[PDB]
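The form deposited in one PDB entry is given below as one chain in structure tokens.
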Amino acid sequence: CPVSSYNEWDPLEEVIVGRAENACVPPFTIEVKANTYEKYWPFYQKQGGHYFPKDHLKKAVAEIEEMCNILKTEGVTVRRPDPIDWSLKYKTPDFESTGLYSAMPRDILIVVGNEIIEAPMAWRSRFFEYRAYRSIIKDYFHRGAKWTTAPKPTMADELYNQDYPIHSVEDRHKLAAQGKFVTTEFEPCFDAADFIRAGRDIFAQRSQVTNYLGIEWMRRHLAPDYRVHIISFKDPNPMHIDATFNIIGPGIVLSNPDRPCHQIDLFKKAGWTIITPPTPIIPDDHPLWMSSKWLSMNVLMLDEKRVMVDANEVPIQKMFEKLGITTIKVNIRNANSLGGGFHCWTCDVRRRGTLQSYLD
């Protein structure tokens, strides 16, 4: 029973850690544009289809190897996806594209109990991302784990709002208010990172890449043992929930100050502790091609009292320390450029614990 994880904090025993090798800038299509900060459009426009800066990839490779050494030191068994050249152009009857990477296991895999679920994805450059993880998943399957792949979308034009106000407009907030994003409700789609686990309760957010159809598929697939709840935040470009509402312990959550939860009272009524982390100190000149600066709160819990946090983000380190949580500092400044922190770069396969309710 290699697979067994019910939440984000029980004693970590096994984890999968992504790879920065052969990562490619994704073609600049509507859904990529919707996620990209104006500051990087020219980069995407000129680099699409080519590898991310190799000198940069080399620094990320080194940073992740160290993180892996540290995880092993902390007693965690580490598995890595297979190396793949993401520049291969593939063609389905609906579209043609080059790949992205297998840097973020959290984006595509989620473990609920003894079951590993592969998310369908919503980006054309991520259609075949599951190929990097099949060697690991087949091994767990041979060893007794449940293996599920949610319905893979066609990703035909109909899935995208070709006329979304990507070009900047901010009333994306207005559409967002209506739960309307770059992805339509044409077919189910979602990134696993839009779901965060707390035992019997899983919280999901409708985002640029996760539609209500996708959430309903998860809800229906997991019922009645698990309850999937939808929550929303003030955010004009949501993609993944773990840098917005990161649950770090039973009844404790890190809420991004810039992205308040519309349903925060549900948690306050449940006796939950909402902690708002201090702002990130990452320089504005450092390239974050795929995300915001909020990767600082994208921490990974080794257990309730041990957290893997960025070495450079001292303010948030102090915060954890005042709470009695031991900080294991690792530097992943260059890996952050690819779009993720510790929670994103990993997928907890096995945590020592049982299925419980923390919402009463």
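In case it trips you up, residue 1 is the first one in the sequence shown, and so on. C-alpha atoms forming the largest set that superposes within 1.5 Å between two forms make up the rigid core.
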| property | result |
| --- | --- |
| Residue stretch of maximal mean CA temperature factor, 330-338 vs 25-33 | 25-33 |
| Stretch with the greater mean C-alpha B-factor as recorded in the entry, comparing 150-158 against 219-227 | 219-227 |
| Identity of residue with top Cα B-factor, from 107, 129, 187, 163 | 163 |
| Top residue by Cα temperature factor, when 113, 287, 120, 81 are compared in the entry | 287 |
| Residue 63 by Cα B-factor - lowest, middle or highest third of the modelled chain | lowest |
| Entry-reported Cα temperature factor of residue 124, expressed as the chain third it lands in | lowest |
| Where the record places residue 195 (Cα B-factor, split into thirds across the chain) | lowest |
| Third of chain Cα B-factors occupied by residue 244 | middle |
| Cα B factor band for residue 251 (lowest, middle or highest third within the chain) | middle |
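Not pictured, yet referred to below: the form deposited in another entry.
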| query | finding |
| --- | --- |
| Core-superposed comparison between this form and the one not shown: the option from 172, 200, 79, 152 whose CA moves 2 angstroms or more | 172 |
